[PDB]
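Notes follow the structure.
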Amino acid sequence: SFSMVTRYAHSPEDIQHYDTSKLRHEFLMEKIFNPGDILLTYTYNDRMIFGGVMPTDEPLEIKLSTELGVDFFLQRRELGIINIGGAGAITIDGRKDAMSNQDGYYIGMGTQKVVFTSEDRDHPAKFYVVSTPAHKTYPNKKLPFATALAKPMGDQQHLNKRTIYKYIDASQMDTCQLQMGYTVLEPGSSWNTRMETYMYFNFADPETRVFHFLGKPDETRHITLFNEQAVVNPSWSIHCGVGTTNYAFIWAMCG
Amino acid sequence: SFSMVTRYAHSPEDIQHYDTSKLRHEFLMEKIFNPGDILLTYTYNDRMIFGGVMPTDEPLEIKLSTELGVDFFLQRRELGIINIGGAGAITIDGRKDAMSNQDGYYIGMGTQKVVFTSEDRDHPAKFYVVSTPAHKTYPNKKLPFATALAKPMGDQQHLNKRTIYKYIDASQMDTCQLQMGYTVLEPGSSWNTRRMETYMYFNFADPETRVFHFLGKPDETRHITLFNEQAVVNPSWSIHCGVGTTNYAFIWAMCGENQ
């Protein structure tokens, strides 16, 4: 199955009049990884496409062309990939490259065919994909987790003992607009601290909840997030959230 | 100086249409302790009065009578006091009792005169007072910080490692309606986690500390950003939980009809 919903952009004044149901609908993607399905979100906040691909029996491919007014998906877009599930693979125009857990992959503009596959049907791969518009072609690059930018951050007094892993960084590679990273908070910490998209996952306990704040620096609102859910953070909003236990998340930037 | 403002009670459906500015105005007391002033809040949530008394050179007394339809402040009310500032004292109908830091005191119905003083003007006492209506007179009782019912709670995995001190508890004493306590969170913990309560957050770790206090029904929930030495009212229909950027302390007070 396949599903991509369209979500519009709003002003800070517009979200003042949203009840908790309206606010969740406009900013929260509630389902990302369903076995065998592709679930994407198109937000007019900088026209980013994000979601999850979890292959089971048949391999999946983002067959988008008429929907975006182009001949193929990445004709005018770049793509960032992070695998949060079991071992899998990605096939770029015939080239097959193995992607284990926590492995990343950047795919440049112009690449026409990208097919996602998993190694085990019962333990499928969970590809978190993000796509932004692109005007220039940059070379494709595999980002193995072994050689990933590991930079420890935060202390215990501030509830932010974390480790940030920069996959697609402007210092390590050149990109049109997309930047992607992966931050894990250690137990005892839950705080994380101009368009951004946060996808929370790897909750410590099954009853964990992450409270994500959005809005102007003082006229703030919040959204309650459960495991494997994402929130769009427009440029006019603050980037901060806090959890009941520790967690992990994948961020993506553009603008 | 003296000041008491009045705040009404609302329904869950009523605050659903509040922006963040109105929500602060109806539920958040932004200033509590000012040197030489008495700052109080009268909330129609069970008609509780709370605030701060901070004596400097001249002693302070909550002179209320006509405003409450009574002859004196405590004619039909009980009063609980916890000092969070410097060393001071309270004079109860002539009798003076010294109150050090974190010392508490319950004053029963019928007590006619309660005068607040501090020992040093440059390091004054900060008396956080809570008053609820009372129909029966119970004996006055000083609550030294040493002899307070303390029970630690929470672990580190849930970021709520705290120790709660019960001052006015139904197991240790008899009161009409008021129950009051003091909770300090360990460094590296920030989470607070059926009745009406009033929380007053203070002793912020950093000058840049913020406490986000959640209120509303378990599904339609909102939050209020608290700075140091500010208070929020929890109506009976609302949830009681808050989270801070660092660790902090707060004083809670309950009323209604429970134990």
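These protein sequence lines are chains A and E, in that order.
In case it helps, the entry's author numbering puts the first sequence at residues 2 to 194, 203 to 264.
In case it helps, the entry's author numbering puts the second sequence at residues 2 to 194, 202 to 267.
Heads up, the beta-carbon is just placed ideally off N, CA and C, and yes, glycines get one too.
- [ ] Taking C-beta pairs closer than 7 angstroms, name the residues in chain A that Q17 (chain E) reaches, listed in chain order.
- [x] Within the second sequence, the letter at position 16 stands for residue 17 (chain E). Near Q17 (chain E) (Cβ distances below 7 angstroms), the residues of chain A are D20.
TODO: Can you tell me which of E:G87, E:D94, E:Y139 and E:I82 puts its alpha carbon nearest to the alpha carbon of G109 (chain E)?
DONE: In the second sequence, the residue the question calls residue 109 (chain E) occupies position 108. Out of E:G87, E:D94, E:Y139 and E:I82, E:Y139 has the C-alpha closest to the C-alpha of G109 (chain E).
Task: For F212 (chain E), the nearest candidate out of E:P226, E:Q238 and E:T206 (CA to CA) - done: In the second sequence, counting from the first residue as 1, residue 212 (chain E) sits at position 204. Ranking the options by Cα distance to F212 (chain E), first place goes to E:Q238.
Task: Residues of its chain near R203 (chain A), where Cβ-Cβ distance is below 7 angstroms and the 5 sequence neighbours each way are ignored - done: Residue mapping note: residue 203 (chain A) aligns to position 194 of the first sequence, counting from 1. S244 and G264, listed in sequence order.
Open item on the list: List, in chain order, every chain E residue whose beta-carbon is nearer than 9 angstroms to that of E228 (chain A).
Closed with: One-based indexing of the first sequence puts residue 228 (chain A) at position 219. Ordered by position in chain E, the residues that pass the 9 angstroms Cβ test against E228 (chain A) are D20, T21 and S22.
Task: Of the listed residues A:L223, A:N255 and A:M174, nearest to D214 (chain A) (C-alpha basis) - done: Mapped onto the first sequence, residue 214 (chain A) falls at position 205. Just measuring C-alpha positions, the residue of A:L223, A:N255 and A:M174 sitting nearest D214 (chain A) is A:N255.
TODO: Note down, one range per segment and in chain order, each beta strand (DSSP E) of at least 3 residues found wholly within the segment 143-187 of chain E.
DONE: 150-154, 163-169 and 180-186
Task: Under 7 angstroms by beta carbon: chain E residues contacting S191 (chain A) - done: For this step, residue 191 (chain A) is matched to residue 190 along the first sequence. Those are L160, listed as they occur along chain E.
Open item on the list: Is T254 (chain A) close to chain E? Criterion is C-beta to C-beta, closer than 8 angstroms.
Closed with: Sequence index remark: in the first sequence, residue 254 (chain A) carries index 245 (1-based). Yes, contact with chain E.
Task: Among E:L41, E:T148 and E:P36, the one whose alpha carbon lies nearest that of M30 (chain E) - done: Position 29 of the second sequence holds residue 30 (chain E). Considering only alpha carbons, the answer is E:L41.
TODO: State the Cα-Cα distance for the pair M5 (chain E) and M49 (chain A), rounded to the nearest angstrom.
DONE: Along the second sequence, one-based indexing puts residue 5 (chain E) at 4. Along the first sequence, one-based indexing puts residue 49 (chain A) at 48. In a straight line, the C-alpha of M5 (chain E) is about 52 angstroms away from that of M49 (chain A).
Task: Beta carbon proximity, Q238 (chain A) to chain E, threshold 8 angstroms - done: As a working note, residue 238 (chain A) is residue 229 in the first sequence. Cβ-Cβ to chain E under 8 angstroms: no for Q238 (chain A).
- [ ] Taking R96 (chain E) as part of the beta strand (DSSP E), name the residues at either end of that continuous run.
- [x] The residue labelled residue 96 (chain E) in the question sits at position 95 within the second sequence. Start and end: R96 to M100.
TODO: Note down, in chain order, each residue of its chain lying with its Cβ closer than 6 angstroms to the Cβ of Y207 (chain E), except the 5 sequence neighbours on either side.
DONE: Residue 207 (chain E) sits at position 199 when you count from the first residue of the second sequence. Closer than 6 angstroms at the Cβ level, and outside the excluded window around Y207 (chain E), lie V240, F258 and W260.
TODO: With DSSP as the reference, label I247 (chain E) as helix, strand or coil.
DONE: Position 239 of the second sequence, counting from 1, holds the residue named residue 247 (chain E). It is coil, neither helix nor strand.
Open item on the list: Counting only Cβ pairs nearer than 8 angstroms, list the residues of chain E close to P188 (chain A).
Closed with: Residue 188 (chain A) sits at position 187 when you count from the first residue of the first sequence. Neighbours of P188 (chain A) on chain E, chain order: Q157 and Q158.
Open item on the list: Using a 10 Å radius around the Cβ and a threshold of 16 neighbouring Cβ atoms, would you call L234 (chain A) buried or exposed?
Closed with: Taking the first residue of the first sequence as 1, we reach residue 234 (chain A) at position 225. By the neighbour-count rule (16 or more Cβ atoms within 10 Å), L234 (chain A) is buried.
Task: Simplified DSSP state of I85 (chain A), which is helix, strand or coil - done: The residue given as residue 85 (chain A) occupies position 84 in the first sequence. Correct three-state label for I85 (chain A): coil.
TODO: Tell me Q17 (chain E)'s beta-bridge partners as DSSP assigns them.
DONE: As a first step, residue 17 (chain E) must be located in the second sequence, where it is residue number 16. DSSP, once it has assigned bridges, lists no residue as partnering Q17 (chain E).
Open item on the list: I'd like the span of the beta strand (DSSP E) that includes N242 (chain E), first residue to last.
Closed with: Translated into the one-based positions of the second sequence, residue 242 (chain E) becomes position 234. Element bounds for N242 (chain E): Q238 to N242.
Task: Assigned secondary structure, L29 (chain E) (DSSP; H/G/I helix, E/B strand, else coil) - done: The residue labelled residue 29 (chain E) in the question sits at position 28 within the second sequence. DSSP places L29 (chain E) in strand when its eight states are reduced to three.
- [ ] Could you say which of A:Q178, A:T217, A:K167 and A:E62 lies nearest to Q158 (chain E) if we only look at CA atoms?
- [x] Taking the first residue of the second sequence as position 1, residue 158 (chain E) is located at position 157. The option with the nearest alpha carbon to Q158 (chain E) is A:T217.
TODO: Identify which residue in A:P188, A:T184 and A:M154 has its Cα closest to the Cα of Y209 (chain A).
DONE: Counting from one through the first sequence, the residue named residue 209 (chain A) turns up at place 200. The residue with the shortest Cα to Cα distance from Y209 (chain A) is A:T184.
Task: Of the listed residues E:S132, E:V116 and E:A135, nearest to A126 (chain E) (C-alpha basis) - done: Numbered from 1 along the second sequence, position 125 holds the residue referred to as residue 126 (chain E). The shortest Cα separation from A126 (chain E) among E:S132, E:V116 and E:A135 belongs to E:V116.
Open item on the list: Buried or exposed, going by whether 16 or more other CB atoms sit within 10 Å of the CB of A90 (chain E)?
Closed with: In the second sequence, the residue the question calls residue 90 (chain E) occupies position 89. Buried, by the Cβ-count rule.
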